[PDB]
There are 4 protein chains.
Amino acid sequence: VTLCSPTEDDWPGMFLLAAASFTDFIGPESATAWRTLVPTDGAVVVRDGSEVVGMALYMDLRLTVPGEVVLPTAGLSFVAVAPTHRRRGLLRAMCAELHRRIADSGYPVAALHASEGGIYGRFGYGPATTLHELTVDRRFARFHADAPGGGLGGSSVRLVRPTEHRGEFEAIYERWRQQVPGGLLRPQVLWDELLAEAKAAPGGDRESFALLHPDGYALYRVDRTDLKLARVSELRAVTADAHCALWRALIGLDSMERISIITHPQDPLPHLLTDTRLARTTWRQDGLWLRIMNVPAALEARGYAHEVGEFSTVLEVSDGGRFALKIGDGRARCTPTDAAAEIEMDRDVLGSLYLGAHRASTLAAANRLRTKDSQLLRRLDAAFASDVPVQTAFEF
Amino acid sequence: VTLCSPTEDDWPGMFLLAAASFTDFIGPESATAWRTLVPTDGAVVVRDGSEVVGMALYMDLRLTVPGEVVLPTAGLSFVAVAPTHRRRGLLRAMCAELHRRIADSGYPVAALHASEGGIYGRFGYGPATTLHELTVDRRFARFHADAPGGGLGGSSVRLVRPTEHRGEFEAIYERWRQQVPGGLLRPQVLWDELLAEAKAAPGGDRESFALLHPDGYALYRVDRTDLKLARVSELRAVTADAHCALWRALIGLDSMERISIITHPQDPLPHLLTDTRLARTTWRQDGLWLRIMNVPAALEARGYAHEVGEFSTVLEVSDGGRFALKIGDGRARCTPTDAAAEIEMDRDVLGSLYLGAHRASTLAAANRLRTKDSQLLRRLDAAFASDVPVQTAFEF
Amino acid sequence: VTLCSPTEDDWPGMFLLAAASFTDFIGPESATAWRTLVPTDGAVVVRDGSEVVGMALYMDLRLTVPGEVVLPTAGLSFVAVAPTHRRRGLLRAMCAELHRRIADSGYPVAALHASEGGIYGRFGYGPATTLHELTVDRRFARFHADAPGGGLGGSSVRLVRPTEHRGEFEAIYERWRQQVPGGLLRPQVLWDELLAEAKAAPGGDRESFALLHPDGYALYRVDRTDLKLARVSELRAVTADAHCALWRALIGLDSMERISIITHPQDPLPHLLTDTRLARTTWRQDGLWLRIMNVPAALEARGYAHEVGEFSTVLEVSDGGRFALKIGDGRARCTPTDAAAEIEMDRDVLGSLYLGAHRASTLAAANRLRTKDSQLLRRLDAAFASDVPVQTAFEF
Amino acid sequence: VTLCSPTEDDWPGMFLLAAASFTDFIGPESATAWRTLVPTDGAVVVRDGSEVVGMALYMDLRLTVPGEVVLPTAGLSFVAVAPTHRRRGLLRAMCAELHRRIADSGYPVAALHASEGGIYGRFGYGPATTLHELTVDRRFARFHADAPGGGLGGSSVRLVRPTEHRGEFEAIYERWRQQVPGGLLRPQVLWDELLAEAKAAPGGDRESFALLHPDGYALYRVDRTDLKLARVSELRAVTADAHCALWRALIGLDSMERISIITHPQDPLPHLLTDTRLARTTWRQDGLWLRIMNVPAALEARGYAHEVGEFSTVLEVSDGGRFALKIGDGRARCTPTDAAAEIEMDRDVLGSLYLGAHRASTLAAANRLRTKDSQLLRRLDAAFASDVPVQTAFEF
Ligand SMILES: CC(C)(COP(=O)(O)OP(=O)(O)OC[C@H]1O[C@@H](n2cnc3c(N)ncnc32)[C@H](O)[C@@H]1OP(=O)(O)O)[C@@H](O)C(=O)NCCC(=O)NCCS
Ligand SMILES: CC(C)(COP(=O)(O)OP(=O)(O)OC[C@H]1O[C@@H](n2cnc3c(N)ncnc32)[C@H](O)[C@@H]1OP(=O)(O)O)[C@@H](O)C(=O)NCCC(=O)NCCS
Ligand SMILES: CC(C)(COP(=O)(O)OP(=O)(O)OC[C@H]1O[C@@H](n2cnc3c(N)ncnc32)[C@H](O)[C@@H]1OP(=O)(O)O)[C@@H](O)C(=O)NCCC(=O)NCCS
Ligand SMILES: CC(C)(COP(=O)(O)OP(=O)(O)OC[C@H]1O[C@@H](n2cnc3c(N)ncnc32)[C@H](O)[C@@H]1OP(=O)(O)O)[C@@H](O)C(=O)NCCC(=O)NCCS
Ligand SMILES: Cc1ccc(C(=O)C[n+]2ccn3cccc3c2-c2ccc(F)cc2)cc1
Ligand SMILES: Cc1ccc(C(=O)C[n+]2ccn3cccc3c2-c2ccc(F)cc2)cc1
Ligand SMILES: Cc1ccc(C(=O)C[n+]2ccn3cccc3c2-c2ccc(F)cc2)cc1
Ligand SMILES: Cc1ccc(C(=O)C[n+]2ccn3cccc3c2-c2ccc(F)cc2)cc1
Ligand SMILES: [Cl-]
Ligand SMILES: [Cl-]
Ligand SMILES: [Cl-]
Ligand SMILES: [Cl-]
């Protein structure tokens with residue numbers, strides 16, 4: 001049982017492992033496309049000797065954090081241990097090697113999407129975005145008098161074929177991702193992949209359509225088994241007008257009973273309607289998970305809320321150093337110190353705070369971060385909060 | 001069709017209407033208990049002439065708002081229009097008369113629980129607390145190393161019969177309600193009612209048990225049809241230790257597969273476990289709705305976040321006046337003015353902001369509050385936020 | 001945390017624990033009836049100091065084993081640990097004390113019904129009877145030409161009220177239990193309890209009826225929610241004629257679509273019909289679990305199959321001694337020895353073999369009993385098998 | 001309405017009938033492969049005159065029976081009567097002609113799989129193997145300390161593509177089928193067919209994977225609609241080590257909640273786990289049905305249990321002769337006699353006894369075999385039992 005970077009000859013074994021480990025497996029053609037995001041030395045495999053019985057890798061991503069700052073980010077993915085080699089320390093060994101390479105390469109953060117919520121905390125990852133499914137019974141849906149885009153004229157939204165307006169989607173998404181915490185750059189190959197999924201498949205998913213506004217788009221399709229359900233796979237809007245107009249069009253799908261979307265907890269949709277309850281929350285789950293690789297680089301790179309007044313504290317991360325943390329004027333300074341700690345937390349907890357999705361007060365109530373000063377808790381809550389609500393870009 | 005305060009002779013007709021209008025109807029014995037909370041002139045009825053075809057009333061309540069301030073509150077309830085007299089203006093007439101009496105009596109706010117989410121906005125009520133159902137599959141539940149109350153000794157929690165520890169529940173609840181926004185005083189008659197429901201009913205609900213800690217309690221029962229589901233009807237905890245200890249005991253119910261509770265969005269339970277996902281959000285809905293009766297009294301009575309620096313603005317409520325609003329040092333001053341408005345919103349929107357459950361930014365994104373200054377939005381968001389998370393006390 | 005025999009004052013605390021631990025809890029009236037089967041010193045409780053946080057007990061039973069031999073048997077029941085005191089060693093301590101008392105009192109075996117199948121193996125109990133649910137769609141059911149009781153005359157079976165024929169049921173059951181491995185003596189109090197359950201309950205179970213034959217009876221009722229399903233709670237027959245006649249009557253319930261029964265794997269019912277498939281096995285589970293307390297007394301008391309020729313071996317029970325085992329003429333001799341073992345197994349495995357429900361070959365294939373001689377396996381299989389098929393009497 | 005052997009021109013009509021009669025119909029390409037197992041004169045068709053309105057055939061198979069003896073066996077299949085020609089005596093005529101040809105060709109037994117359980121008894125077929133579906137919730141599955149293949153080193157099992165290891169599967173299966181009662185030789189064309197089904201189908205079944213051990217294999221795939229269910233289509237193991245190791249690998253499929261398999265009643269899997277209940281029996285049904293064509297050849301060819309001592313009896317088969325049956329030293333002699341019968345049974349009953357899956361005692365209790373000597377029943381039970389448990393090879 002050796003651990004090393006795969007050669008070209010290892011990839012068929014890796015795809016075999018992948019097909020057996022991941023039900024949503026993408027097939028070799030698209031796997032080869034995603035592979036273009038894996039840097040040299042971004043992958044590890046474990047061979048039995050010999051066949052491949054373990055693999056893991058990371059992709060080079062760009063993540064937006066509060067203050068519209070974009071960070072290089074290592075996106076862990078394609079992680080798998082053969083069913084024949086469980087409980088043998090392979091995951092711990094693969095993760096440790098990848099984390100070493102990630103740290104040494106200069107990434108301040110790593111990130112992933114969790115197949116199960118209980119595997120990742122122990123490797124320093126905390127859930128940092130929250131996914132909310134809303135299902136709207138559109139038969140009862142009426143817009144509020146206050147809602148935009150219901151004056152007296154033409155509509156700004158068009159129903160179009162996705163593949164014919166790639167450039168407009170790209171441009172809209174690029175603007176979105178640069179101003180929203182959780183935003184990710186979507187490279188060319190992933191647009192290739194996205195638009196390929198837009199076509200109908202024999203005995204599979206149905207054709208996808210798009211609603212296009214100058215400042216937003218929605219991609220959707222009818223559910224394959226429930227023909228009265230439309231699933232919005234992606235809705236991206238830069239203005240409130242674009243967001244309302246797109247939802248006016250979606251609610252105008254008179255063949256459907258229900259419209260569903262995976263969105264975020266601060267989606268304004270429910271307040272667009274006269275009956276807020278019509279937008280039922282049918283599902284709630286963690287989205288992006290974050291491991292802060294370098295505490296001072298990550299804390300200093302992020303912008304903070306201007307409303308809170310300047311304050312200073314000392315933060316210990318359990319096996320990640322102790323720092324003097326000074327926050328004021330929306331910026332932070334984070335320097336080494338051996339002074340007594342005022343706040344302690346494990347490294348994963350810091351990831352959960354980092355994009356503003358969880359409150360320090362709430363984590364304190366679970367004793368996941370310790371302090372003997374509630375004024376400091378209030379200050380951290382306020383400082384780490386995000387003006388623009390945190391969202392989840394796309395799964396990887 | 002006349003409108004007036006009911007006499008003693010009207011109550012049987014009112015109970016008839018109630019039995020036909022409300023499936024969860026409580027029967028005459030308990031209705032007579034709840035009636036002790038209705039002040040003189042707190043009820044209206046509409047007679048056909050003659051029988052009672054419409055009714056509405058309010059109860060005298062005490063509501064805790066941020067800053068641990070307790071306000072007299074008119075709790076609307078028992079509202080019903082006969083199926084034979086729909087679409088005849090009865091509700092609008094009954095609500096207008098009750099609101100007049102409520103305003104003239106000196107209540108700064110009114111409140112209610114909504115049978116449907118689309119009836120109430122037009123009468124000035126906005127949803128102000130959010131209910132979250134969590135369902136935990138307790139077979140996989142493991143507590144985090146960091147979680148309190150897992151040292152090495154005895155347990156502080158006891159399993160007891162509710163009716164034998166009334167005084168300890170009362171005292172714990174009283175402490176809870178005074179420090180939590182959304183807290184309501186629970187008078188003696190409602191404790192009588194609560195403990196009566198704790199007994200098993202033939203072909204109805206099962207016996208209720210309690211878990212009692214010096215600083216908290218949980219009341220629960222096995223679901224009547226799903227015998228592997230325990231439903232926590234009420235969990236009230238004053239310290240984080242009490243909250244964790246109670247959940248350790250609940251997860252020790254080894255006969256059950258699932259534990260469910262109606263709680264709030266900031267419940268720390270998910271962070272107590274090693275796998276946060278095990279606490280599934282199975283339901284989400286509006287709780288308490290608020291109508292601000294007197295804007296300056298309500299805005300001045302509430303405490304505000306100290307973290308935000310002093311600022312001044314002008315707020316127009318659509319048919320509720322225009323005010324110079326100055327907020328600093330956690331307090332607000334709110335005085336009449338005819339200066340140009342910087343923020344406009346309908347009255348229900350203000351209720352939704354009032355206990356800190358919804359962000360002004362989010363309501364702005366739906367154009368439910370208008371302003372041309374995003375710095376002001378950030379300031380309102382921060383000022384109106386609640387240090388202690390907002391919760392829902394009990395249904396009325 | 002002390003461990004001792006309960007006093008009269010402890011029983012209310014015990015019933016409180018029971019009501020919270022067991023959903024099928026029987027109420028204090030019937031609990032007091034079952035208590036008459038608990039000998040002096042047959043119960044233990046664990047107090048916190050003080051309230052009762054753990055309990056366990058055994059009942060004095062009489063179990064029939066192959067060869068129609070009746071053994072004194074300690075039937076463990078009413079075992080519970082408070083949810084507040086889990087993972088504290090209470091069960092292990094209560095079980096050890098009860099087992100000591102059981103052994104010292106002279107019981108050769110103990111027995112129980114398992115709330116969960118994974119708790120009991122480690123205390124020396126193995127599953128020894130198998131429960132099979134059959135559901136017959138009686139609309140298609142036709143009896144084979146060969147089946148008894150379809151000649152040309154009157155019927156021998158009568159439809160009767162259970163409470164009016166107690167004596168005939170008692171006598172039939174007594175004959176049954178003495179000739180069937182797994183049979184248990186049913187004392188007077190348990191007949192009192194059984195016939196009380198036969199009456200309808202408001203918002204509960206429906207009235208029970210009986211089909212009575214001189215050599216058998218069936219007790220049944222319509223399912224409370226599925227009104228096309230009749231549930232046979234108990235069918236006891238001494239002759240094949242009685243068994244067939246009772247099933248002819250059950251299939252004549254023309255209001256029902258389905259008849260279901262919890263029976264055993266060798267129930268001949270499927271072979272009574274022209275279409276064997278109509279008797280669907282809808283459920284399968286372990287019934288009685290056995291812990292052999294005294295290996296030589298238990299092995300010597302049981303009868304063995306005459307068909308296998310005399311043989312001798314050496315059996316080690318993992319922490320239960322090593323014995324020279326000689327079997328011939330349907331009897332066994334089992335004496336101490338230090339000669340090398342030919343067969344090893346844990347104590348629970350021996351319980352699983354003891355009533356003939358599991359084959360030694362099958363347990364060997366799972367390596368739950370070790371030997372390096374397959375001829376010996378064949379010999380054990382044959383010797384331990386039961387002429388009369390093993391059945392499960394009643395739950396306790 | 002004539003009955004005769006089909007010509008080449010009849011086969012399209014036969015495939016038309018097949019497509020309309022069998023939902024699981026295999027298509028013409030694979031039907032032509034299975035056709036290579038049909039001997040000359042192994043098929044009959046009924047023409048209306050003219051189109052084909054009835055068909056039936058048999059295939060040349062090799063069946064293993066207790067004592068590891070392999071018998072030529074006529075496997076009935078592809079039997080169908082047009083919906084337009086029901087209740088016209090076609091089946092009875094086709095079966096009688098095929099049975100004549102089968103008998104005259106020298107087959108001692110015929111066999112089939114039943115589309116419905118009530119059609120076949122009257123033509124002399126009795127169910128002779130039992131299929132058991134086990135569904136394991138693998139999230140709770142833990143192996144017993146006693147279970148093999150959990151030492152401290154590498155794994156002997158590999159995850160592989162089925163099509164790349166055909167030869168190893170063939171060799172393992174060949175060993176299996178020769179030592180297990182119910183085993184069938186699988187010719188080349190059926191391996192061609194099996195491996196073709198291993199590939200994914202568009203809007204059909206998913207890709208199949210294999211777990212390969214030197215002495216066993218498992219073939220499995222994720223269920224097409226329930227993506228948390230893995231279905232083991234075939235598991236074949238020659239040693240207990242191979243069987244345990246394969247199940248260790250299957251339970252290591254961490255993406256799945258449940259693993260299911262169609263197996264036999266003596267599968268040791270449940271005893272491999274600490275909680276035997278985790279292996280739920282979700283389905284139970286008859287497998288292979290047998291018609292004994294020649295009673296003395298079949299009874300003399302089979303091996304019998306050595307443990308029972310020599311005995312002699314007289315057996316009448318209802319329309320199949322009367323024989324002096326002498327059994328001793330694991331062999332039987334079966335000769336003609338006119339002496340009085342001690343045991344009578346229909347021919348189908350004998351098929352049900354023949355592979356040891358049903359006990360003579362059980363069939364006697366249903367009066368499906370008559371005798372006035374219970375000692376003889378015990379002797380038959382013991383003699384006809386199979387050392388190696390009876391299994392079902394593959395459907396045909
Ligand atoms: C990798 C895998 C299938 C199991 O791997 P493994 O080689 O058996 O794990 P290792 O022995 O290397 O060590 C993993 C540690 O986490 C624990 N662990 C691993 N998988 C687990 C699971 N599914 N549930 C709970 N705990 C788990 C182990 O107990 C071990 O810690 P411990 O020895 O201190 O108890 C499993 O963890 C899995 O489901 N995938 C993990 C996914 C992941 O981490 N990242 C990918 C998301 S893109
Ligand atoms: C009261 C009731 C059953 C219907 O009453 P009604 O006498 O028909 O209503 P009125 O004619 O007095 O006027 C009510 C106004 O709200 C609207 N409205 C009333 N009930 C409605 C409902 N269930 N859904 C949508 N709109 C409704 C009416 O259209 C009317 O406004 P409009 O005439 O401008 O359109 C109904 O509103 C109901 O479900 N209960 C209301 C509950 C409530 O408001 N408070 C109690 C919670 S404790
Ligand atoms: C008794 C009870 C609720 C838990 O008791 P407890 O006091 O936490 O158990 P203890 O700490 O005394 O020790 C029990 C041992 O079995 C294990 N165990 C106990 N309950 C278990 C369960 N529900 N599942 C799996 N393992 C369990 C423990 O891990 C411990 O062994 P370990 O420390 O070596 O791992 C639980 O076992 C239960 O469900 N009832 C047991 C029923 C029984 O044994 N007999 C009654 C049938 S009538
Ligand atoms: C063949 C078929 C569809 C009906 O055939 P048919 O020509 O109507 O039957 P016949 O008239 O030739 O005679 C069949 C006898 O069995 C009975 N029978 C036939 N199909 C039956 C069914 N589905 N259910 C119950 N009884 C049936 C008939 O009543 C008749 O006996 P009877 O006249 O003494 O009552 C039907 O039996 C069927 O489902 N397939 C039979 C499958 C089979 O036997 N072997 C193939 C398994 S690979
Ligand atoms: C080399 C390579 C790298 C990644 C991939 C991908 O296909 C990643 N990817 C993308 C989008 N997705 C949506 C749902 C699931 C995914 C997967 C994925 C796959 C495996 C994981 F562990 C986590 C995520 C394929 C090949
Ligand atoms: C005079 C009088 C006043 C109120 C009542 C009550 O029973 C109020 N109450 C209390 C608790 N609840 C829980 C669920 C539903 C309730 C009801 C209730 C009843 C009617 C409503 F329109 C709204 C709420 C009964 C009588
Ligand atoms: C003192 C006393 C002793 C036993 C009991 C009984 O009621 C036992 N009993 C009987 C029949 N049953 C059918 C289903 C469940 C039962 C229970 C039972 C109760 C608890 C157990 F742990 C196991 C079984 C009640 C009181
Ligand atoms: C000439 C010819 C002979 C047989 C066949 C086959 O396809 C047999 N066969 C094989 C496997 N199977 C699994 C499920 C159902 C089957 C069928 C089958 C088909 C018809 C039956 F009456 C019984 C079985 C096809 C053509
Ligand atoms: Cl970005
Ligand atoms: Cl209050
Ligand atoms: Cl007995
Ligand atoms: Cl064979």
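Letters A, B, ... are given to chains in the order of the sequence lines, protein chains preceding strands, and every chain is numbered from 1. Hydrogens, waters and symmetry mates are skipped; everything else that's a heavy atom, side chains included, is used. For ligands, and for the atoms within them, numbers begin at 1 and follow the listed sequence.
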_Just to be sure I'm reading this right: ignoring hydrogens, which of A:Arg86, A:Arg92, A:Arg122 gets closest to atom 16 (O) of ligand 1? Compare them by their nearest heavy atoms._
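The option holding the nearest heavy atom is A:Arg122.
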*Nearest to atom 47 (C) of ligand 1 by heavy atom, A:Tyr120, B:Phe140, A:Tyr125: which?*
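Checking each option, the heavy atom nearest atom 47 (C) of ligand 1 is found in A:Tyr120.
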I'd like to check [atom] in this structure: does the protein have a heavy atom lying under 4.0 Å from it?
atom	value
atom 20 (N) of ligand 4	no
atom 5 (O) of ligand 1	yes
atom 37 (O) of ligand 4	yes

*Does at least one non-hydrogen atom of D:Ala114 fall below 4.0 angstrom from an atom of ligand 4?*
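Flag not set, D:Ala114 not near ligand 4.
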*Residue portion contacting ligand 4 (non-hydrogen atoms closer than 4.0 Å) for D:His113*: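 D:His113 to ligand 4: backbone contact only, side chain stays beyond 4.0 Å.
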_Would you call the rings of C:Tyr173 and C:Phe394 parallel, tilted or perpendicular, taking 30° and 60° as the class edges?_
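Taking C:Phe394 first and then C:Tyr173, their aromatic rings sit tilted (interplane angle of 30° to 60°).
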*With distance as the sole test, does C:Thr129 use its side chain to make a donor-acceptor pair with the main-chain N or O of C:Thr392 at under 3.5 Å?*
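No: the side chain of C:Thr129 does not pair with the backbone of C:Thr392.
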*asked:* Looking at C:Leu71, is its backbone amide N or carbonyl O close enough to the side chain of C:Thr73 to form a donor-acceptor pair, meaning the two atoms are under 3.5 Å apart?
replied: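 Yes: the side chain of C:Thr73 pairs with the backbone of C:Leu71.
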*Between A:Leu91 and ligand 1, which residue portion shows a heavy-atom distance shorter than 4.0 Å: side chain, backbone, both, or neither?*
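Answer for A:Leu91: both.
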_Ligand-side contact atoms (ligand 4) for residue partner D:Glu116, heavy atom cut-off under 4.0 Å_ =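 Answer, ordered by atom number: 22 (C), 23 (N), 24 (N).
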_Suppose I only count heavy atoms of D:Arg87 and a 4.0 Å limit; which atoms of ligand 4 are within that range?_
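Here the atoms of ligand 4 in question are 6 (P), 8 (O), 11 (O), 28 (C), 29 (O), 35 (O).
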*Is the shortest side-chain N to carboxylate O distance from C:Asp137 to C:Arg139 below 4.0 Å?*
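A salt bridge links C:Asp137 with C:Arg139.
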*asked:* Could you check, using the six-membered ring where one of them is a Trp, whether C:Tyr107 and C:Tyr58 have ring centers closer than 6.0 angstrom?
replied: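 Centroid separation for C:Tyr107 and C:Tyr58: below 6.0 Å.
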